[PDB]
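Colleague: Quick one: the structure is below, questions incoming.
What follows is calculated from the coordinates using simple rules that are stated; it is not laboratory data. Cβ coordinates were reconstructed from backbone atoms using ideal geometry, including for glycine residues, and neighbour counts include every protein chain displayed.
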Amino acid sequence: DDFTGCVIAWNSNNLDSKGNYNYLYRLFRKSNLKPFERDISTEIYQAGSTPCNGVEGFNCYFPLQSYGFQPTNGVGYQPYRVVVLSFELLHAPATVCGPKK
Amino acid sequence: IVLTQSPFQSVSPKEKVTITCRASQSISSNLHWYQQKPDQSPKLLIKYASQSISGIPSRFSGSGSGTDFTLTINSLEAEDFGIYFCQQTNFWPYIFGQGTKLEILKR
Amino acid sequence: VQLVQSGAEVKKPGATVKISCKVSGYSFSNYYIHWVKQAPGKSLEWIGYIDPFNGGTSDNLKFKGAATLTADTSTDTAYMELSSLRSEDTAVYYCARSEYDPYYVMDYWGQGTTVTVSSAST
């Protein structure tokens, strides 16, 4: 909520599309990520108190999932490469500066 | 990432007119058509380049092929014609058509 | 369904105009607002989009008024502050209801705000 910077979209359906299932997403996780934190977990998503133990079972889930990219993808189905500029705005040295006059 | 329209089209009632929206380089399959009456807020005719917002005449259709997006009107009425706009989708600035004033003859 | 703008603003060039787009008839927080400029007798020109929940003000770079789109969530009113005014900024400024998801439709708008930027006073 305190991030100062970017969110920027563009269609990579013109490029990233194939069949590319390497593209992936976290469909479910048990909390929100901390500021700028990532969740790398390939761990089993555990729905019941029955431990899955690294195999599939009743409501045994791998939480991360993939987007099948269908080269007929439309505006709702197109991937958007998206970028976000982290910065604190002020209170630290100029790293990215402005083009000074 | 800028789009091109024909500045003017003159047609007659019942005749079919097609106004083009021609975007440079890549295009986005969404587009938005607007009928601006003189001195009045343009109103969205065509959404996604394939659909009408509700209440808009069935003679108002849209499409796209290649880099062009058409504003296609079938069977005009002398009430219908107005200034027409297409809106680029995505690619940063929604770059609106230069505008097309439609004339209908036969009055 | 209802977007009502502050009236015409006549300034000297270089001065500042801020224009209110007052939402009613729908949910403000569920819709971005597009801000659309029509120069008199000229085409539709989109200065930026804003977010109700955030400072979601993108800016087109064709002209530059040091513009910032502020949305007042209590009154559901997005402002467009257009500074560094120029005689060409003279135009009818529409605000346009935008989707909150990344789909961009402006179905319904303000009534438009003429701004006459000139050294000529009213």
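Colleague: Can you pull the mean other chain C-beta count within 10 Å for peptide B:37-46? The partial results should precede the final answer.
Modeller: Values: counts 0, 0, 4, 3, 13, 8, 4, 6, 0, 0.
Averaged over the peptide's residues, the number is 4.
Colleague: Just need the Rg to Rh number for segment B:3-104, please, alpha carbons only, Kirkwood Rh. Present the calculation step by step, with values, prior to reporting the outcome.
Modeller: Numbers: Rg = 12.5 Å, Rh = 13.3 Å.
Computed over Cα atoms, the ratio is 0.94.
Colleague: Of the options A:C60, A:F28, A:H91, report the single residue whose Cα projects farthest towards the positive end of the charge dipole of chain A (beta-carbon charges: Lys, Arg +1; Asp, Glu -1).
Modeller: Value computed over the given set: A:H91.
Colleague: Counting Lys and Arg as +1 and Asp and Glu as -1, each charge on the Cβ, what is the dipole of chain B about the Cα centre in debye, to the nearest 20? Provide the component values of the computation, followed by the final result.
Modeller: On the way: 10 positive and 7 negative charges, 17 e Å.
Result for chain B is approximately 80 debye, rounded to the nearest 20.
Colleague: Continuing with the same structure: Would you mind pulling out the separation of the Cα centroids of segment A:1-75 and segment C:1-71, in Å?
Modeller: 36 Å
Colleague: Say the dipole of segment B:3-104 comes from +1 at the beta carbon of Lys and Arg and -1 at that of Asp and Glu; which of B:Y84, B:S26, B:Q9 then lies farthest toward its positive end?
Modeller: The residue sitting farthest along the positive end of the dipole is B:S26.
Colleague: Which of C:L61, C:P40, B:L44 sits farthest toward the positive end of the charge dipole of the protein assembly as shown, with +1 on the Cβ of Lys and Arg and -1 on the Cβ of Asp and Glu?
Modeller: Of the listed residues, the answer is C:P40.
Colleague: Something else now. Do you know the relative contact order of segment B:3-104, to the nearest whole percent, from alpha carbon pairs under 8 angstrom that are 6+ apart?
Modeller: Computed value for segment B:3-104: 37 percent relative contact order.
Colleague: Do any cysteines of the protein assembly as shown lack a neighbour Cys whose Cβ is under 4.7 Å away, and which are they?
Modeller: A:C6, A:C97, each lacking another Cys Cβ under 4.7 Å.
Colleague: Counting residues in the protein assembly as shown as N, plug N into 2.2 N^0.38 Å and put the Cα Rg over that result.
Modeller: Details: Rg = 23.5 Å, N = 330, 2.2 N^0.38 = 19.9 Å.
In units of the 2.2 N^0.38 Å rule of thumb, it is 1.18.
Colleague: For segment C:25-93, what is the Kirkwood hydrodynamic radius in Å, using each pair of distinct C-alpha atoms? Don't skip to the end; give the middle numbers.
Modeller: On the way: mean 1/r = 0.0794 Å⁻¹.
Over segment C:25-93, the inverse of the mean reciprocal pair distance is 12.6 Å.
Colleague: Which whole-percent values make up P(r) of segment C:2-117 when all C-alpha to C-alpha distances are grouped in 5 Å steps starting at zero?
Modeller: 3, 13, 26, 26, 19, 10, 4, 0
Colleague: Let me ask something else about it. How large is the dipole of segment A:1-57 about the Cα centre if only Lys and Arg carry +1 and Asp and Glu carry -1, each at its Cβ, rounded to the nearest 20 debye?
Modeller: On the way: 6 positive and 7 negative charges, 19 e Å.
Dipole magnitude for segment A:1-57 comes out near 100 debye.
Colleague: In percent, how large is the relative contact order of chain C, given Cα pairs closer than 8 Å and 6 or more residues apart?
Modeller: Numbers: 330 pairs, mean separation 43.6, N = 122.
Reported relative contact order: 36 percent.
Colleague: Size of the dipole of segment C:2-117 about the Cα centre, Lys and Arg at +1 and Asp and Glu at -1 on the beta carbon, nothing else charged, in debye to 20? Numbers along the way, then the final one.
Modeller: Numbers: 10 positive and 12 negative charges, 97 e Å.
Once rounded to the nearest 20, the dipole reads 460 debye.
Colleague: Which GluC sites (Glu not before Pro) in segment C:1-98 sit in a loop by DSSP (not H, G, I, E or B) and have at most 12 other Cβ atoms within 10 Å of their own Cβ?
Modeller: Working: sites: C:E9, C:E45, C:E81, C:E88; in loops: C:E88.
Counting only loop positions with at most 12 other Cβ atoms within 10 Å, the GluC sites (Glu not before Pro) in segment C:1-98 are C:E88.
Colleague: How large, in Å, is chain A by the Kirkwood hydrodynamic radius built from its alpha-carbon pairs?
Modeller: Details: mean 1/r = 0.0575 Å⁻¹.
Radius from the Kirkwood sum: 17.4 Å.
Colleague: Shifting gears a bit: Report the local net charge at C:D76: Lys and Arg +1, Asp and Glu -1, summed over other residues whose C-beta lies under 15 Å from its C-beta. Numbers along the way, then the final one.
Modeller: Numbers: positive: C:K22, C:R97; negative: C:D51, C:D72.
With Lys, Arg at +1 and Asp, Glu at -1, the net is 0.
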